[PDB]
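Visitor: Starting off with a structure, shown below.
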Amino acid sequence: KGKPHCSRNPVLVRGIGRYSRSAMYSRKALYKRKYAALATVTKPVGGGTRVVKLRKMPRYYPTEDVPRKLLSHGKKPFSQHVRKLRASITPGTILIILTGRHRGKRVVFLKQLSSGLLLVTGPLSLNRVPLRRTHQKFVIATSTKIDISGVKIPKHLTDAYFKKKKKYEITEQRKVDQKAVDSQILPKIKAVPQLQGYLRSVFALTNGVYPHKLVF
Amino acid sequence: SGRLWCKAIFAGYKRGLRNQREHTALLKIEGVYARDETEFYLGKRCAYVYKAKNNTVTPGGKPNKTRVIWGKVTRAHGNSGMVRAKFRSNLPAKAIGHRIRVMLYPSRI
Amino acid sequence: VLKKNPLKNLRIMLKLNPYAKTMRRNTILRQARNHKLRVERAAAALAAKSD
Amino acid sequence: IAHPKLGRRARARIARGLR
Amino acid sequence: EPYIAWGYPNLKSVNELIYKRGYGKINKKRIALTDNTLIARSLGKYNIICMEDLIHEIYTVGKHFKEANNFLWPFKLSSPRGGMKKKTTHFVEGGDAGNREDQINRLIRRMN
RNA sequence: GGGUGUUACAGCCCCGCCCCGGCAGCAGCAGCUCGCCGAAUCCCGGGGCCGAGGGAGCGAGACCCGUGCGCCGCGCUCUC
RNA sequence: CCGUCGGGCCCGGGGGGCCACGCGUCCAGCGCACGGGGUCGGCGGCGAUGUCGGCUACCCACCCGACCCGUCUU
RNA sequence: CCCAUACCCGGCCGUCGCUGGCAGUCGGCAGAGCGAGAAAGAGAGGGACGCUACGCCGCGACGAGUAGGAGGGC
């Protein structure tokens, strides 16, 4: 019995510990600790009693089967993956959607979701975009920001809250969460001159405009 | 309600002087005229958009007459502005000198 | 067996050269030590250019 | 210690080191 | 001399060649060195039981170099990334053939 | 512009004594005045192409029949 | 006698790192993973009379290549 | 900076080599191993596939060709 103490040595580099395996021995107090070394179920029946067996043999065999495959190690299912992020895309940046039906719109980033998709939400009263997921790949991170460090984003919204169901109707659940978050961002974007006018615009490329030549 | 791609001319295939390898396309994007300017465009998804006679189903739309060939920018070519692209189908030769789009969405910004 | 590069792939190297662990456990504490000592001398020079 | 045929008696001292 | 480009290798130059391109001639079969029990199985009669031993025998030419060096398959280096100067003439007269004494380490970094 | 000559109201170069005068610093983010390198070398990011192979076993073992994340290899926690 | 970030498990004597850990006598299980070759226990669209797919096999177009075979003959 | 059928890496076909491996499918007459750097002993007082052995399987290396020779043609 004992509370599990967190790992002593911090990760210096991925794969390499900060302390050697000798200093580790002198660190866990290992010097003073030398440890010296179903299926049958009986059920009565109205006679006698019969002994049922769990998981009886299959009743069908295919004419041939595929062999079991070898075992790899590094492969993890998607839910266990590590979710990266561009360092420029901090909470408060203004993004630009590039692929969806809301392309060209200067949408406002709030937070990261557990699936790596960005919870981006331009003010619906400005950009006509709701609380929306968006893959961070298809997004240009502009160098403009707003301090949304005091905004209270709900907790019940998650990668299951924006998951498609299966004629799309706006639930009242959406509308209450919409105006709740817009009631906190809309004061914080009108604190900057022309900022609400900026988001109402749509991004486009004119003649002589080269994306590599310009910078965001 | 605006353009969301950069203009790019399909110059030719990756050729030698007496052999051409049609699984690679040389792209000339407007404005970029040096290798150091191509760093922005590496990996960007490109598209040769044409239109034909019969109708084709459209992702998120009605059957139009336009069709595309999707590709991507692989690596910078030459010493000034050109770049190599690789498409899912080797580009038809009747697209030489025609406008193909390079988008922005696989962006590293 | 798919040959992996011991220079790129760390634990392939440690399967062959187990001393490379402490070789690389050092030369990082040392580099984070000389980078520390460099910064202090660069900081102490700005105190000599004022007085 | 790293010899099979004539290091058996040697590395029995380590086996008690875990004990 | 017109066909080779030789020189004197560096300590790092040996490490990269044995690790990245090291293949042992085990039973007349080119086999990669992904495990030390492939060396110690064949070179164990010369106290070489690891790769650092095998490098120590090659780099510091010892009295078991011959069995050690014949154990390694000839290195299949790649084409020189960066381009040669001139394949034909001697290194002294601008070319690349001949004894480029210490500069052979630069050639390895690109070909390896 | 020319003449003169020795710092003059500019500078340049050489010798010795000045602790190799002293002080930074150092093959220099004055990101380029000129080298060769890494057991005296490590970190990090991006782009491109590929994923061939498919019964590797673990443990109760004779006091028991389970489980298929398993060899090598690195070190994590607990039995303080 | 001087020199050496010398060599001798840096000979012996008066803050940082060590694949160093039993007494005595003589001269073991759980998990993480740069680990014996890819997986997802991740998703999205369009689909009944005009659309979907058909490398190839029919026609046409284009870029690149490409002189007519058999034979005797250096 | 450009590219050869050259070199490196990866896939697939075939040939060649290892005169390679497999009769061990040894199951309540059972007890699941012989990848192990080191001349020799796990010695006795209910359970997928397979192995047309002229079959199946694993490693390496290699591949131009007239005259000509041989082999295989479900």
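By order of appearance in the structure tokens: chains A, B, ..., then residues from 1 within every chain, and ligands from 1 in the order shown.
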Residues of chain F no more than 10 Å from chain E, counting only C-alpha atoms (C1' of nucleotides): send them over as a count of residues only.
Guide: 5
Visitor: Taking only C-alpha atoms (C1' of nucleotides) into account, report as a PyMOL selection string which residues of chain C lie within 7 Å of chain G.
Guide: chain C and resi 1-2+9-11
Visitor: Please report, as a PyMOL selection string, each residue of segment 22-119 of chain A to which DSSP assigns strand (DSSP E or B) when run on this structure's backbone.
Guide: chain A and resi 40-44+49-53+93-97+105-112+118-119
Visitor: Please build the interface table for chain E against chain D with a cut-off of 12 Å, listing for each qualifying residue the nearest atom pair and the distance in Å to one decimal; count only C-alpha atoms, order rows by chain and increasing number, and write it as CSV.
Guide:
residue,atom,partner,partner_atom,distance
E:44,CA,D:3,CA,11.9
E:47,CA,D:2,CA,11.8
E:49,CA,D:2,CA,11.1
Visitor: Keeping only C-alpha atoms, write those residues as a PDB file, in the first residue's frame.
Guide:
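Output file part.pdb is given in full below:
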ATOM      1  CA  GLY E  44      33.566 -13.928 -31.321  1.00  0.00           C
ATOM      2  CA  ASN E  47      36.870 -10.675 -28.832  1.00  0.00           C
ATOM      3  CA  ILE E  49      31.238  -8.966 -29.670  1.00  0.00           C
TER       4      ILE E  49
END
Visitor: Select all residues from chain G having any atom no more than 7 Å from an atom of chain B (counting only C-alpha atoms (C1' of nucleotides), ignoring ligands), output as a ChimeraX atom specification.
Guide: /G:45-46,62-64
Visitor: Atom CA of residue 92 of chain A and atom CA of residue 153 of chain A, how far apart in Å?
Guide: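 Going from atom CA of residue 153 of chain A over to atom CA of residue 92 of chain A covers 12.6 Å.
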Visitor: Tell me the residues of chain F close to chain B, meaning within 10 Å using only C-alpha atoms (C1' of nucleotides), as a count of residues only.
Guide: 4
Visitor: Let's see if you can do this: from backbone DSSP, list all helix (DSSP H, G or I) residues in segment 33-99 of chain E, as a PyMOL selection string.
Guide: chain E and resi 36-38+44-46+51-59+65-71
Visitor: Near chain B, which residues of chain H fall within 12 Å when you count only C-alpha atoms (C1' of nucleotides), and what do they look like as a PyMOL selection string?
Guide: chain H and resi 1-4
Visitor: I'd like the interatomic distance between atom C1' of residue 54 of chain F and atom CA of residue 72 of chain A, to a tenth of an Å.
Guide: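 For atom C1' of residue 54 of chain F relative to atom CA of residue 72 of chain A, the distance reads 10.3 Å.
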Visitor: Quick one: residues within 9 Å of residue 13 of chain A, only C-alpha atoms (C1' of nucleotides), excluding same-chain residues fewer than 4 positions away - as a list in words?
Guide: residues 17 and 18 of chain A; 25 and 28 of chain C; 43 of chain F
Visitor: For the residues in the current selection, export N, CA and C atoms (P, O5', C5', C4', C3', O3' and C1' of nucleotides) as a PDB file, in the first residue's frame.
Guide:
ATOM      1  N   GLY A  17      16.121  10.018 -20.034  1.00  0.00           N
ATOM      2  CA  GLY A  17      15.860  10.580 -18.728  1.00  0.00           C
ATOM      3  C   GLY A  17      17.001  11.454 -18.244  1.00  0.00           C
ATOM      4  N   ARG A  18      16.679  12.352 -17.314  1.00  0.00           N
ATOM      5  CA  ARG A  18      17.653  13.334 -16.859  1.00  0.00           C
ATOM      6  C   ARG A  18      18.684  12.730 -15.919  1.00  0.00           C
TER       7      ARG A  18
ATOM      8  N   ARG C  25      22.895  11.338 -22.827  1.00  0.00           N
ATOM      9  CA  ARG C  25      22.454  11.959 -21.585  1.00  0.00           C
ATOM     10  C   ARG C  25      23.416  13.064 -21.181  1.00  0.00           C
ATOM     11  N   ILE C  28      24.121  17.039 -23.525  1.00  0.00           N
ATOM     12  CA  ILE C  28      22.903  17.832 -23.484  1.00  0.00           C
ATOM     13  C   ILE C  28      22.799  18.593 -22.174  1.00  0.00           C
TER      14      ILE C  28
ATOM     15  P     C F  43      19.349  14.472 -30.430  1.00  0.00           P
ATOM     16  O5'   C F  43      18.483  15.792 -30.263  1.00  0.00           O
ATOM     17  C5'   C F  43      18.078  16.226 -28.979  1.00  0.00           C
ATOM     18  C4'   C F  43      17.560  17.640 -29.015  1.00  0.00           C
ATOM     19  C3'   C F  43      16.361  17.884 -29.908  1.00  0.00           C
ATOM     20  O3'   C F  43      15.146  17.500 -29.299  1.00  0.00           O
ATOM     21  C1'   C F  43      17.962  19.588 -30.241  1.00  0.00           C
TER      22        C F  43
END
Visitor: Set out as a tab-separated table a contact list for chain G and chain D with a cut-off of 12 Å, giving each residue of chain G that qualifies its closest atom pair and distance in Å to one decimal, counting only C-alpha atoms (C1' of nucleotides), ordered by chain and rising residue number.
Guide:
residue	atom	partner	partner_atom	distance
G:21	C1'	D:17	CA	8.0
G:22	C1'	D:17	CA	6.6
G:23	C1'	D:16	CA	11.2
G:28	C1'	D:18	CA	10.1
Visitor: Those same residues - N, CA, C and O atoms (P, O5', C5', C4', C3', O3' and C1' of nucleotides) - I'd like them written as a PDB file, in the first residue's frame.
Guide:
ATOM      1  P     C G  21      26.750  -2.945  -7.372  1.00  0.00           P
ATOM      2  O5'   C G  21      26.422  -2.708  -5.834  1.00  0.00           O
ATOM      3  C5'   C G  21      26.602  -3.735  -4.877  1.00  0.00           C
ATOM      4  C4'   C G  21      25.614  -3.583  -3.755  1.00  0.00           C
ATOM      5  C3'   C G  21      24.159  -3.492  -4.176  1.00  0.00           C
ATOM      6  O3'   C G  21      23.582  -4.762  -4.422  1.00  0.00           O
ATOM      7  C1'   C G  21      24.644  -1.808  -2.584  1.00  0.00           C
ATOM      8  P     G G  22      27.492  -6.034  -1.719  1.00  0.00           P
ATOM      9  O5'   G G  22      25.984  -6.238  -1.251  1.00  0.00           O
ATOM     10  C5'   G G  22      25.408  -5.398  -0.264  1.00  0.00           C
ATOM     11  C4'   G G  22      24.818  -6.202   0.865  1.00  0.00           C
ATOM     12  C3'   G G  22      25.815  -6.917   1.765  1.00  0.00           C
ATOM     13  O3'   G G  22      26.363  -6.067   2.758  1.00  0.00           O
ATOM     14  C1'   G G  22      24.089  -8.410   1.153  1.00  0.00           C
ATOM     15  P     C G  23      27.898  -6.227   3.212  1.00  0.00           P
ATOM     16  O5'   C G  23      27.854  -7.334   4.357  1.00  0.00           O
ATOM     17  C5'   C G  23      27.244  -7.062   5.611  1.00  0.00           C
ATOM     18  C4'   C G  23      26.764  -8.326   6.279  1.00  0.00           C
ATOM     19  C3'   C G  23      27.842  -9.297   6.734  1.00  0.00           C
ATOM     20  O3'   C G  23      28.440  -8.934   7.969  1.00  0.00           O
ATOM     21  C1'   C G  23      26.155 -10.481   5.584  1.00  0.00           C
ATOM     22  P     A G  28      13.187 -13.249  -8.643  1.00  0.00           P
ATOM     23  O5'   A G  28      11.616 -13.049  -8.460  1.00  0.00           O
ATOM     24  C5'   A G  28      10.825 -12.462  -9.485  1.00  0.00           C
ATOM     25  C4'   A G  28       9.426 -12.173  -9.000  1.00  0.00           C
ATOM     26  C3'   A G  28       8.429 -11.704 -10.048  1.00  0.00           C
ATOM     27  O3'   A G  28       7.890 -12.764 -10.819  1.00  0.00           O
ATOM     28  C1'   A G  28       8.270 -10.321  -8.144  1.00  0.00           C
TER      29        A G  28
END
Visitor: Could you tell me how far atom CA of residue 95 of chain A lies from atom CA of residue 108 of chain A, in Å and to one decimal?
Guide: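 For atom CA of residue 95 of chain A relative to atom CA of residue 108 of chain A, the distance reads 5.9 Å.
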